[PDB]
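See below for the structure under consideration.
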Amino acid sequence: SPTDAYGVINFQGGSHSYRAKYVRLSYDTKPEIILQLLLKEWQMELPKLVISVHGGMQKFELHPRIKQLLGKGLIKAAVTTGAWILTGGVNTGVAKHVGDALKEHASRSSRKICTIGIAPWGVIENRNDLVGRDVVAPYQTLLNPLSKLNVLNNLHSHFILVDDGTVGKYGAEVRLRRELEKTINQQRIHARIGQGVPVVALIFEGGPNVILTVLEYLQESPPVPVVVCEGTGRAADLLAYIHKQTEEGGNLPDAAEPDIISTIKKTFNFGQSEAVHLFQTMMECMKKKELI
Amino acid sequence: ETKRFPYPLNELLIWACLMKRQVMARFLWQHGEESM
Amino acid sequence: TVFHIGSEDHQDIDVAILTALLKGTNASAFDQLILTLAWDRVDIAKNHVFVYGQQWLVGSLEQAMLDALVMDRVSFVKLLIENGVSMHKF
């Protein structure tokens, strides 16, 4: 049925009145029309780079020094290359710390940094105050204590929100992010250059489903690379630990897969339910080291 | 609602200036639209 | 409260003398904010009241804004705006 909720989701804003945009589309919109919206209507420029950010939700106390470097480093890659950062939008986890990084080294470089939020429609606090056609909307980033719901991060610039079964249902956004990543990589990076737009994925404090997301890229045609950073507190630091003890393509030096599977279930409790399976995922991630 | 105002940073800028509160007036001026 | 001299743990004693009045003495999350306001110490308020996970009540926060505007407490207006208060609703 008609999208019936598209306009400006301008946050109440703190120091500023940070603006944003929403469309509320389906879960079956075609990749051609998704991109068509971004550049035609929202008057965006084609990016010379895409940085997808897959960590987790609820990431809870990133370290002090880690905050500085990732931010200062991530802004520079974005502003110096005119990039689109792709987050989940919800103010829990990476999308929190990404927006934190923006605020620190802002330079009001939102002009050159177009962060986009992609989430399902329903899992978001104050869902109902946005319904309407070309509606400038208010929105309160008040940390409503009773609210287990998500709030959209004030330090973003655009939003696409994906209908699904209904409210509460979470996890119907993975397709659109990917199909868009395929789509942008099938666009020429300049009027003179033939190569497609590159795509790279960055990982902050990953997770047992993220380590399937990592593999899903290296299996992809073309094989999208991945970046990780140590100093985190879940799978990134793990797959960082996996890094140091492995040879080119090899599955193990002198056998420690009991001790690895010990650590696999230590973080997320398996009990060898499938902690073995998570090892062969780490096996194929420690394998294709030409993209990690 | 209706007891609210659509542009409250304007109503407070006038308040701070009638009350001779310059440091508050400068702060509130930087927030909102139509700065000049 | 002990002031460990050498490990920069719990830095210079003013923060200790004042933070001591905030810990224990449960009093609220609110009254903690109101006490910094009378003192005009935002560094205390930002760091030792607006902490992660601080469960805030209902428009108590608005009632703090009303107190800061009268008292000409500009930096507490700035802070409370950053931490969720809405002038349109207020």
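FYI, nothing fancy with the structure tokens labels: chains A, B, ... in order, residues from 1 per chain, ligands from 1 as they appear.
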
Using only C-alpha atoms, which residues sit within 10 Å of residue 7 (chain B) once same-chain residues fewer than 4 positions away are excluded, as a PyMOL selection string?
(chain B and resi 11-12+32-33) or (chain C and resi 87-88)

Tell me, counting only C-alpha atoms, for each residue of chain C within 9 Å of chain B, which pair of atoms is nearest and how far apart they are in Å to one decimal, in rows ordered by chain and increasing number, as JSON lines.
```
{"residue": "C:69", "atom": "CA", "partner": "B:24", "partner_atom": "CA", "distance": 8.4}
{"residue": "C:72", "atom": "CA", "partner": "B:24", "partner_atom": "CA", "distance": 7.0}
{"residue": "C:73", "atom": "CA", "partner": "B:24", "partner_atom": "CA", "distance": 8.3}
{"residue": "C:74", "atom": "CA", "partner": "B:24", "partner_atom": "CA", "distance": 6.1}
{"residue": "C:78", "atom": "CA", "partner": "B:27", "partner_atom": "CA", "distance": 8.3}
{"residue": "C:87", "atom": "CA", "partner": "B:8", "partner_atom": "CA", "distance": 6.4}
{"residue": "C:88", "atom": "CA", "partner": "B:8", "partner_atom": "CA", "distance": 6.4}
{"residue": "C:89", "atom": "CA", "partner": "B:4", "partner_atom": "CA", "distance": 7.0}
{"residue": "C:90", "atom": "CA", "partner": "B:4", "partner_atom": "CA", "distance": 8.1}
```

Got a sec to tell me which of chain B DSSP assigns to alpha helix (DSSP H), as a ChimeraX atom specification?
/B:8-18,22-30

Output file for the selection above: N, CA and C atoms, as a PDB file, in the first residue's frame:
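Resulting contents of result-v3.pdb:
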```
ATOM      1  N   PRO B   8       9.880  28.796  20.248  1.00  0.00           N
ATOM      2  CA  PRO B   8      10.094  29.271  21.623  1.00  0.00           C
ATOM      3  C   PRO B   8      11.418  29.975  21.834  1.00  0.00           C
ATOM      4  N   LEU B   9      12.423  29.703  21.001  1.00  0.00           N
ATOM      5  CA  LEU B   9      13.698  30.396  21.142  1.00  0.00           C
ATOM      6  C   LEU B   9      13.572  31.875  20.794  1.00  0.00           C
ATOM      7  N   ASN B  10      12.515  32.256  20.072  1.00  0.00           N
ATOM      8  CA  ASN B  10      12.240  33.671  19.853  1.00  0.00           C
ATOM      9  C   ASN B  10      11.658  34.306  21.105  1.00  0.00           C
ATOM     10  N   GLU B  11      10.731  33.607  21.755  1.00  0.00           N
ATOM     11  CA  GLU B  11      10.079  34.134  22.946  1.00  0.00           C
ATOM     12  C   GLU B  11      11.067  34.300  24.092  1.00  0.00           C
ATOM     13  N   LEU B  12      12.085  33.441  24.143  1.00  0.00           N
ATOM     14  CA  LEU B  12      13.081  33.523  25.203  1.00  0.00           C
ATOM     15  C   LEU B  12      14.140  34.576  24.908  1.00  0.00           C
ATOM     16  N   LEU B  13      14.460  34.798  23.631  1.00  0.00           N
ATOM     17  CA  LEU B  13      15.410  35.844  23.265  1.00  0.00           C
ATOM     18  C   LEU B  13      14.895  37.212  23.689  1.00  0.00           C
ATOM     19  N   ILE B  14      13.594  37.442  23.531  1.00  0.00           N
ATOM     20  CA  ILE B  14      13.000  38.708  23.948  1.00  0.00           C
ATOM     21  C   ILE B  14      13.018  38.819  25.464  1.00  0.00           C
ATOM     22  N   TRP B  15      12.677  37.725  26.144  1.00  0.00           N
ATOM     23  CA  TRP B  15      12.741  37.674  27.597  1.00  0.00           C
ATOM     24  C   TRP B  15      14.123  38.044  28.115  1.00  0.00           C
ATOM     25  N   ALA B  16      15.156  37.373  27.609  1.00  0.00           N
ATOM     26  CA  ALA B  16      16.510  37.595  28.102  1.00  0.00           C
ATOM     27  C   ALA B  16      16.971  39.025  27.863  1.00  0.00           C
ATOM     28  N   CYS B  17      16.432  39.684  26.835  1.00  0.00           N
ATOM     29  CA  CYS B  17      16.855  41.043  26.524  1.00  0.00           C
ATOM     30  C   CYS B  17      16.080  42.064  27.345  1.00  0.00           C
ATOM     31  N   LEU B  18      14.790  41.820  27.573  1.00  0.00           N
ATOM     32  CA  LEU B  18      14.023  42.688  28.456  1.00  0.00           C
ATOM     33  C   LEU B  18      14.483  42.584  29.898  1.00  0.00           C
ATOM     34  N   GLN B  22      22.387  39.337  29.022  1.00  0.00           N
ATOM     35  CA  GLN B  22      23.097  39.302  27.751  1.00  0.00           C
ATOM     36  C   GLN B  22      23.719  37.940  27.489  1.00  0.00           C
ATOM     37  N   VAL B  23      24.316  37.334  28.510  1.00  0.00           N
ATOM     38  CA  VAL B  23      24.997  36.056  28.325  1.00  0.00           C
ATOM     39  C   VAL B  23      23.984  34.971  27.985  1.00  0.00           C
ATOM     40  N   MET B  24      22.772  35.089  28.525  1.00  0.00           N
ATOM     41  CA  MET B  24      21.700  34.177  28.147  1.00  0.00           C
ATOM     42  C   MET B  24      21.165  34.509  26.761  1.00  0.00           C
ATOM     43  N   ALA B  25      21.118  35.795  26.416  1.00  0.00           N
ATOM     44  CA  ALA B  25      20.593  36.195  25.118  1.00  0.00           C
ATOM     45  C   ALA B  25      21.506  35.732  23.988  1.00  0.00           C
ATOM     46  N   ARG B  26      22.821  35.828  24.186  1.00  0.00           N
ATOM     47  CA  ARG B  26      23.762  35.343  23.180  1.00  0.00           C
ATOM     48  C   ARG B  26      23.621  33.845  22.969  1.00  0.00           C
ATOM     49  N   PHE B  27      23.456  33.094  24.055  1.00  0.00           N
ATOM     50  CA  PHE B  27      23.323  31.649  23.941  1.00  0.00           C
ATOM     51  C   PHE B  27      22.073  31.277  23.158  1.00  0.00           C
ATOM     52  N   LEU B  28      20.937  31.865  23.527  1.00  0.00           N
ATOM     53  CA  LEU B  28      19.680  31.533  22.873  1.00  0.00           C
ATOM     54  C   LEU B  28      19.645  32.016  21.433  1.00  0.00           C
ATOM     55  N   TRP B  29      20.388  33.073  21.116  1.00  0.00           N
ATOM     56  CA  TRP B  29      20.452  33.553  19.743  1.00  0.00           C
ATOM     57  C   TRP B  29      21.069  32.510  18.822  1.00  0.00           C
ATOM     58  N   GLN B  30      22.112  31.823  19.291  1.00  0.00           N
ATOM     59  CA  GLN B  30      22.787  30.820  18.480  1.00  0.00           C
ATOM     60  C   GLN B  30      21.908  29.612  18.183  1.00  0.00           C
TER      61      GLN B  30
END
```

Between A:50, A:155, A:116, A:57, single out the one closest to chain C, counting only C-alpha atoms.
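Looking only at the distances to chain C, the closest residue turns out to be A:155.
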
Specify as a PDB file with C-alpha atoms, in the first residue's frame all residues of chain A found within 12 Å of chain B, counting only C-alpha atoms.
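Now in selection.pdb:
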```pdb
ATOM      1  CA  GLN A  12      14.678  18.183  18.172  1.00  0.00           C
ATOM      2  CA  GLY A  13      18.442  18.539  18.216  1.00  0.00           C
ATOM      3  CA  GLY A  14      20.714  19.649  21.027  1.00  0.00           C
ATOM      4  CA  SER A  15      23.505  22.060  20.134  1.00  0.00           C
ATOM      5  CA  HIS A  16      21.994  22.172  16.622  1.00  0.00           C
ATOM      6  CA  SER A  17      18.758  21.095  14.879  1.00  0.00           C
ATOM      7  CA  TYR A  18      20.205  18.116  12.961  1.00  0.00           C
ATOM      8  CA  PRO A 138       9.433  16.520  15.733  1.00  0.00           C
TER       9      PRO A 138
END
```

Using only C-alpha atoms and a cut-off of 6 Å, which residues of chain A sit close to chain C? Please list them as a list in words.
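Interface list for chain A against chain C: residues 14, 141, 142 and 145 of chain A.
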
Within 10 Å of residue 32 (chain A) using only C-alpha atoms, minus same-chain residues under 4 positions, as a ChimeraX atom specification:
/A:36-37,179-180,183

Those of region 65-180 of chain A in DSSP strand (DSSP E or B), formatted as an mmCIF file with N, CA and C atoms, in the first residue's frame:
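out-v6.cif, freshly written:
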```
data_model
loop_
_atom_site.group_PDB
_atom_site.id
_atom_site.type_symbol
_atom_site.label_atom_id
_atom_site.label_comp_id
_atom_site.auth_asym_id
_atom_site.auth_seq_id
_atom_site.Cartn_x
_atom_site.Cartn_y
_atom_site.Cartn_z
ATOM 1 N N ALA A 83 32.105 9.694 1.108
ATOM 2 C CA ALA A 83 31.616 8.340 1.303
ATOM 3 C C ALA A 83 30.225 8.343 1.919
ATOM 4 N N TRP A 84 29.541 7.211 1.759
ATOM 5 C CA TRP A 84 28.279 6.923 2.435
ATOM 6 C C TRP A 84 28.556 5.888 3.516
ATOM 7 N N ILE A 85 28.367 6.282 4.772
ATOM 8 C CA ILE A 85 28.430 5.349 5.892
ATOM 9 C C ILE A 85 27.036 4.751 6.061
ATOM 10 N N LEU A 86 26.962 3.424 6.175
ATOM 11 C CA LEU A 86 25.704 2.706 6.352
ATOM 12 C C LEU A 86 25.687 2.086 7.744
ATOM 13 N N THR A 87 24.778 2.565 8.588
ATOM 14 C CA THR A 87 24.570 2.065 9.936
ATOM 15 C C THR A 87 23.175 1.452 10.034
ATOM 16 N N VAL A 90 19.375 2.724 14.706
ATOM 17 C CA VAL A 90 18.936 2.626 16.096
ATOM 18 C C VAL A 90 20.056 3.060 17.032
ATOM 19 N N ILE A 116 23.567 7.131 6.609
ATOM 20 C CA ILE A 116 22.227 6.665 6.284
ATOM 21 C C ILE A 116 21.847 5.610 7.311
ATOM 22 N N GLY A 117 20.596 5.676 7.759
ATOM 23 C CA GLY A 117 20.051 4.726 8.707
ATOM 24 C C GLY A 117 19.106 3.768 7.995
ATOM 25 N N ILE A 118 19.277 2.483 8.280
ATOM 26 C CA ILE A 118 18.418 1.437 7.741
ATOM 27 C C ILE A 118 18.007 0.552 8.912
ATOM 28 N N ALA A 119 16.703 0.528 9.211
ATOM 29 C CA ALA A 119 16.143 -0.273 10.294
ATOM 30 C C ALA A 119 14.759 -0.779 9.902
ATOM 31 N N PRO A 120 14.190 -1.748 10.621
ATOM 32 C CA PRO A 120 12.775 -2.070 10.405
ATOM 33 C C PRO A 120 11.860 -1.037 11.040
ATOM 34 N N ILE A 124 10.981 0.976 16.732
ATOM 35 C CA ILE A 124 11.518 2.294 17.027
ATOM 36 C C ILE A 124 10.548 3.032 17.942
ATOM 37 N N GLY A 132 2.545 10.448 7.885
ATOM 38 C CA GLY A 132 1.944 11.511 7.106
ATOM 39 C C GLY A 132 2.772 11.866 5.896
ATOM 40 N N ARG A 133 2.158 12.651 5.014
ATOM 41 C CA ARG A 133 2.701 12.930 3.691
ATOM 42 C C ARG A 133 3.499 14.229 3.686
ATOM 43 N N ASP A 134 4.804 14.120 3.435
ATOM 44 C CA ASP A 134 5.699 15.277 3.345
ATOM 45 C C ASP A 134 5.610 16.127 4.611
ATOM 46 N N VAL A 135 5.749 15.455 5.749
ATOM 47 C CA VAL A 135 5.480 16.037 7.059
ATOM 48 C C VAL A 135 6.810 16.317 7.742
ATOM 49 N N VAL A 136 7.092 17.598 7.990
ATOM 50 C CA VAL A 136 8.109 17.939 8.970
ATOM 51 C C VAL A 136 7.640 17.405 10.319
ATOM 52 N N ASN A 150 13.959 1.247 20.571
ATOM 53 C CA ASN A 150 15.138 1.921 20.047
ATOM 54 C C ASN A 150 14.766 3.367 19.773
ATOM 55 N N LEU A 152 16.129 6.681 17.191
ATOM 56 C CA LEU A 152 16.994 7.019 16.071
ATOM 57 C C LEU A 152 18.047 8.016 16.522
ATOM 58 N N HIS A 158 20.006 10.691 7.029
ATOM 59 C CA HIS A 158 18.973 10.099 6.193
ATOM 60 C C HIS A 158 18.505 8.812 6.852
ATOM 61 N N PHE A 159 17.299 8.377 6.491
ATOM 62 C CA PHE A 159 16.717 7.170 7.064
ATOM 63 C C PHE A 159 15.840 6.481 6.030
ATOM 64 N N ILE A 160 15.978 5.162 5.944
ATOM 65 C CA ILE A 160 15.085 4.300 5.181
ATOM 66 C C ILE A 160 14.606 3.238 6.156
ATOM 67 N N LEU A 161 13.296 3.038 6.232
ATOM 68 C CA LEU A 161 12.699 2.230 7.292
ATOM 69 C C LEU A 161 11.752 1.218 6.656
ATOM 70 N N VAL A 162 11.950 -0.040 7.026
ATOM 71 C CA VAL A 162 11.509 -1.184 6.241
ATOM 72 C C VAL A 162 10.351 -1.855 6.963
#
```

Write out as a CSV table (one decimal) with N, CA, C and O atoms, in the first residue's frame each polymer residue whose atoms come within 9 Å of region 216-233 of chain A, counting only C-alpha atoms; drop sequence neighbours fewer than 3 positions from it.
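That gives us out.csv:
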```
chain,number,residue,atom,x,y,z
A,59,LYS,N,26.2,-2.1,22.7
A,59,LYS,CA,27.6,-2.4,22.7
A,59,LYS,C,28.3,-1.8,24.0
A,59,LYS,O,29.3,-2.3,24.4
A,62,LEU,N,32.5,1.4,25.0
A,62,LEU,CA,33.7,1.5,24.2
A,62,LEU,C,34.7,2.2,25.0
A,62,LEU,O,34.4,3.2,25.8
A,63,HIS,N,36.0,1.8,24.9
A,63,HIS,CA,37.1,2.3,25.7
A,63,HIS,C,37.4,3.8,25.5
A,63,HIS,O,36.9,4.3,24.5
A,66,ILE,N,40.1,4.0,22.4
A,66,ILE,CA,39.5,3.4,21.2
A,66,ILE,C,38.5,4.4,20.6
A,66,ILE,O,38.4,4.4,19.4
A,70,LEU,N,39.3,5.6,16.4
A,70,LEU,CA,38.3,5.1,15.4
A,70,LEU,C,37.5,6.3,14.8
A,70,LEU,O,37.2,6.3,13.6
A,198,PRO,N,33.8,1.0,-4.8
A,198,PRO,CA,34.2,0.0,-3.9
A,198,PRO,C,33.3,0.0,-2.7
A,198,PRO,O,32.6,0.9,-2.4
A,199,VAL,N,33.3,-1.2,-2.0
A,199,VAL,CA,32.5,-1.4,-0.8
A,199,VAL,C,33.4,-2.0,0.2
A,199,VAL,O,34.1,-3.0,-0.1
A,200,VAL,N,33.4,-1.5,1.4
A,200,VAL,CA,34.2,-2.1,2.5
A,200,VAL,C,33.3,-2.1,3.8
A,200,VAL,O,32.5,-1.3,4.0
A,201,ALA,N,33.5,-3.2,4.6
A,201,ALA,CA,32.8,-3.4,5.8
A,201,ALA,C,33.7,-3.2,7.0
A,201,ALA,O,34.8,-3.9,7.0
A,202,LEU,N,33.3,-2.5,8.0
A,202,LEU,CA,34.0,-2.3,9.2
A,202,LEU,C,33.2,-2.9,10.4
A,202,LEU,O,32.0,-2.8,10.4
A,203,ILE,N,34.0,-3.5,11.4
A,203,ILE,CA,33.4,-4.3,12.4
A,203,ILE,C,33.8,-3.8,13.7
A,203,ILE,O,35.0,-3.7,14.0
A,204,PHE,N,32.9,-3.4,14.6
A,204,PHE,CA,33.1,-3.0,16.0
A,204,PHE,C,32.4,-3.9,16.9
A,204,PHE,O,31.1,-3.9,17.0
A,205,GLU,N,33.1,-4.7,17.7
A,205,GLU,CA,32.6,-5.6,18.7
A,205,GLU,C,31.5,-6.5,18.0
A,205,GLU,O,30.3,-6.4,18.3
A,206,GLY,N,32.0,-7.4,17.1
A,206,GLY,CA,31.0,-8.2,16.4
A,206,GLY,C,30.4,-9.3,17.2
A,206,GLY,O,30.4,-9.2,18.5
A,211,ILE,N,29.8,-12.9,12.6
A,211,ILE,CA,30.8,-13.7,12.1
A,211,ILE,C,30.2,-14.6,11.0
A,211,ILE,O,31.0,-15.2,10.2
A,212,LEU,N,28.9,-14.7,10.8
A,212,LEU,CA,28.3,-15.2,9.6
A,212,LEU,C,28.2,-14.1,8.6
A,212,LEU,O,28.3,-14.4,7.4
A,213,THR,N,28.0,-12.8,9.0
A,213,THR,CA,28.0,-11.7,8.1
A,213,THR,C,29.4,-11.5,7.4
A,213,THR,O,29.5,-11.2,6.3
A,236,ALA,N,34.9,-9.3,17.1
A,236,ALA,CA,36.0,-8.6,16.5
A,236,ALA,C,37.3,-8.9,17.2
A,236,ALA,O,38.3,-9.3,16.5
A,237,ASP,N,37.4,-8.6,18.5
A,237,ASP,CA,38.6,-8.9,19.2
A,237,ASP,C,38.9,-10.4,19.2
A,237,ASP,O,40.0,-10.9,19.3
A,238,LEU,N,37.8,-11.3,19.1
A,238,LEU,CA,38.0,-12.7,19.0
A,238,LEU,C,38.7,-13.0,17.6
A,238,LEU,O,39.8,-13.5,17.6
A,239,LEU,N,38.0,-12.7,16.6
A,239,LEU,CA,38.6,-12.9,15.2
A,239,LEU,C,39.9,-12.1,15.0
A,239,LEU,O,40.7,-12.5,14.2
A,240,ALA,N,40.1,-11.1,15.8
A,240,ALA,CA,41.4,-10.5,16.0
A,240,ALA,C,42.4,-11.5,16.6
A,240,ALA,O,43.5,-11.7,16.2
A,241,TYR,N,41.9,-12.2,17.7
A,241,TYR,CA,42.8,-13.2,18.3
A,241,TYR,C,43.0,-14.4,17.4
A,241,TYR,O,44.0,-15.0,17.4
A,284,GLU,N,37.1,-20.4,8.1
A,284,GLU,CA,37.0,-19.9,6.7
A,284,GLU,C,37.2,-18.3,6.8
A,284,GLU,O,37.4,-17.7,5.7
A,285,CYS,N,37.2,-17.7,8.0
A,285,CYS,CA,37.5,-16.3,8.1
A,285,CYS,C,39.0,-16.1,8.3
A,285,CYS,O,39.6,-15.1,7.8
A,288,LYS,N,40.6,-16.9,4.2
A,288,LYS,CA,40.8,-15.8,3.1
A,288,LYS,C,41.3,-14.5,3.7
A,288,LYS,O,40.6,-13.5,3.9
A,290,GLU,N,43.5,-12.6,2.6
A,290,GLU,CA,43.7,-11.5,1.6
A,290,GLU,C,42.6,-10.4,1.6
A,290,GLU,O,42.7,-9.5,0.7
A,291,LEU,N,41.7,-10.5,2.5
A,291,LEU,CA,40.6,-9.5,2.5
A,291,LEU,C,40.2,-9.2,4.0
A,291,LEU,O,39.1,-8.6,4.2
A,292,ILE,N,41.1,-9.4,4.9
A,292,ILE,CA,40.9,-9.2,6.3
A,292,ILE,C,42.0,-8.3,6.9
A,292,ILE,O,43.2,-8.4,6.4
```

Excluding residue 1 (chain A) and any residue of its chain fewer than 2 positions from it, enumerate the residues within 12 Å of it, using only C-alpha atoms, and give them as a compact mmCIF listing (two decimals) with N, CA, C and O atoms, in the first residue's frame.
```txt
# COMPACT_ATOMS: atom_id res chain seq x y z
N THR A 3 3.24 4.35 0.76
CA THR A 3 4.20 4.46 1.85
C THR A 3 3.69 5.32 3.00
O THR A 3 4.10 5.10 4.14
N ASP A 4 2.91 6.36 2.70
CA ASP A 4 2.09 7.16 3.63
C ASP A 4 2.86 7.79 4.79
O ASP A 4 2.24 8.34 5.71
N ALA A 5 4.19 7.70 4.78
CA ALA A 5 5.01 8.36 5.78
C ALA A 5 6.36 8.69 5.16
O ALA A 5 7.28 7.87 5.18
N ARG A 24 9.79 5.41 4.67
CA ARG A 24 8.96 4.27 5.08
C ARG A 24 8.50 3.43 3.88
O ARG A 24 7.33 3.48 3.51
N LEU A 25 9.41 2.71 3.24
CA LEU A 25 9.06 1.86 2.10
C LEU A 25 8.81 0.42 2.56
O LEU A 25 8.80 0.12 3.76
N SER A 26 8.60 -0.47 1.59
CA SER A 26 8.13 -1.83 1.82
C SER A 26 9.29 -2.72 2.29
O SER A 26 10.32 -2.24 2.77
N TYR A 27 9.09 -4.03 2.22
CA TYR A 27 10.18 -4.99 2.23
C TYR A 27 10.38 -5.67 0.88
O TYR A 27 11.06 -6.69 0.81
N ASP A 28 9.80 -5.12 -0.19
CA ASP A 28 9.90 -5.68 -1.53
C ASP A 28 10.26 -4.65 -2.59
O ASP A 28 10.25 -4.99 -3.78
N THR A 29 10.56 -3.41 -2.20
CA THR A 29 10.98 -2.37 -3.14
C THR A 29 12.22 -2.83 -3.90
O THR A 29 13.08 -3.52 -3.34
N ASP A 163 9.18 -1.87 6.33
CA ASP A 163 8.04 -2.59 6.88
C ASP A 163 8.36 -4.08 6.88
O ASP A 163 9.31 -4.55 6.25
```

Please measure the separation of CA of residue 210 (chain A) and CA of residue 53 (chain A), giving the value in Å to one decimal.
10.7 Å

C:64, C:16, C:51, C:2 ranked by distance to residue 35 (chain C), top pick (using only C-alpha atoms)
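Checking each of C:64, C:16, C:51, C:2 against residue 35 (chain C), counting only C-alpha atoms, the winner is C:64.
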
Which residues are close to region 268-283 of chain A, i.e. within 8 Å by only C-alpha atoms, leaving aside same-chain residues fewer than 3 positions away? Reply as a ChimeraX atom specification.
/A:208,211-212,215,239,242,251,257,260-261,264-265,286-287

Would you write out those residues with N, CA and C atoms, as a PDB file, in the first residue's frame?
```
ATOM      1  N   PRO A 208      28.030 -13.453  17.138  1.00  0.00           N
ATOM      2  CA  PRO A 208      27.892 -14.787  16.532  1.00  0.00           C
ATOM      3  C   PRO A 208      27.126 -14.787  15.220  1.00  0.00           C
ATOM      4  N   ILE A 211      29.777 -12.863  12.616  1.00  0.00           N
ATOM      5  CA  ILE A 211      30.809 -13.748  12.085  1.00  0.00           C
ATOM      6  C   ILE A 211      30.250 -14.621  10.966  1.00  0.00           C
ATOM      7  N   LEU A 212      28.922 -14.687  10.844  1.00  0.00           N
ATOM      8  CA  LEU A 212      28.306 -15.193   9.621  1.00  0.00           C
ATOM      9  C   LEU A 212      28.198 -14.088   8.573  1.00  0.00           C
ATOM     10  N   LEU A 215      31.632 -13.897   6.832  1.00  0.00           N
ATOM     11  CA  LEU A 215      31.766 -14.963   5.845  1.00  0.00           C
ATOM     12  C   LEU A 215      30.918 -14.685   4.612  1.00  0.00           C
ATOM     13  N   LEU A 239      38.001 -12.682  16.554  1.00  0.00           N
ATOM     14  CA  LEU A 239      38.559 -12.911  15.226  1.00  0.00           C
ATOM     15  C   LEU A 239      39.862 -12.140  15.030  1.00  0.00           C
ATOM     16  N   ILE A 242      41.950 -14.686  16.599  1.00  0.00           N
ATOM     17  CA  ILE A 242      42.057 -15.760  15.612  1.00  0.00           C
ATOM     18  C   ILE A 242      43.152 -15.443  14.594  1.00  0.00           C
ATOM     19  N   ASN A 251      44.250 -24.050   8.771  1.00  0.00           N
ATOM     20  CA  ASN A 251      43.186 -24.128   9.764  1.00  0.00           C
ATOM     21  C   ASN A 251      43.694 -24.032  11.196  1.00  0.00           C
ATOM     22  N   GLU A 257      42.239 -26.081  18.967  1.00  0.00           N
ATOM     23  CA  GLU A 257      40.804 -25.962  18.742  1.00  0.00           C
ATOM     24  C   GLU A 257      39.947 -26.339  19.954  1.00  0.00           C
ATOM     25  N   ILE A 260      40.148 -22.960  21.579  1.00  0.00           N
ATOM     26  CA  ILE A 260      39.450 -21.959  20.782  1.00  0.00           C
ATOM     27  C   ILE A 260      37.960 -22.144  21.037  1.00  0.00           C
ATOM     28  N   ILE A 261      37.474 -23.384  20.912  1.00  0.00           N
ATOM     29  CA  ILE A 261      36.062 -23.670  21.170  1.00  0.00           C
ATOM     30  C   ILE A 261      35.707 -23.349  22.614  1.00  0.00           C
ATOM     31  N   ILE A 264      35.125 -19.718  22.239  1.00  0.00           N
ATOM     32  CA  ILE A 264      33.935 -19.475  21.426  1.00  0.00           C
ATOM     33  C   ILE A 264      32.712 -19.514  22.335  1.00  0.00           C
ATOM     34  N   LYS A 265      32.596 -20.559  23.159  1.00  0.00           N
ATOM     35  CA  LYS A 265      31.435 -20.669  24.034  1.00  0.00           C
ATOM     36  C   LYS A 265      31.564 -19.808  25.284  1.00  0.00           C
ATOM     37  N   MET A 286      39.668 -17.034   9.011  1.00  0.00           N
ATOM     38  CA  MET A 286      41.122 -17.025   9.098  1.00  0.00           C
ATOM     39  C   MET A 286      41.747 -17.556   7.809  1.00  0.00           C
ATOM     40  N   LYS A 287      40.930 -18.045   6.873  1.00  0.00           N
ATOM     41  CA  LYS A 287      41.436 -18.613   5.631  1.00  0.00           C
ATOM     42  C   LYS A 287      41.693 -17.539   4.582  1.00  0.00           C
TER      43      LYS A 287
END
```
